[PDB]
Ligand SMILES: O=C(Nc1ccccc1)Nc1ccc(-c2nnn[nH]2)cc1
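Here you get one chain, nothing else, as structure tokens; it is the form deposited without this ligand.
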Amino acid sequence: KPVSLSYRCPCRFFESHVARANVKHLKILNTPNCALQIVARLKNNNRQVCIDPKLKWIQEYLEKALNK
């Protein structure tokens, strides 16, 4: 299984337990029924990860940017 049945959605996986300090850049991607998917790249590890929008530091992130 390659994990793709006509993949309509970017993030089929999310990273839980992530650091505000290990991520260089957050870019959130919303998809109709695949919900809110966060895309973030790490600084040193440089990996592109999908961040789960229920993470606590992420809460702080959207609280800020959305209350802004």
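So that there is no doubt, residue numbering starts at 1 and follows the sequence shown.
Although not depicted, the form deposited with this ligand bound is the subject of the following passage.
When this ligand is considered in the entry with it bound, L36 lies well away from it, no heavy atom lying within 4.5 Å. Interface residue remark: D52 is not counted as part of the site for this ligand in the entry with it bound, having no heavy atom within 4.5 Å.
Applying a 4.5 Å heavy atom cutoff to this ligand in the entry with it bound picks out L42, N44, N45, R47, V49 from 28 to 53, in order along the sequence.
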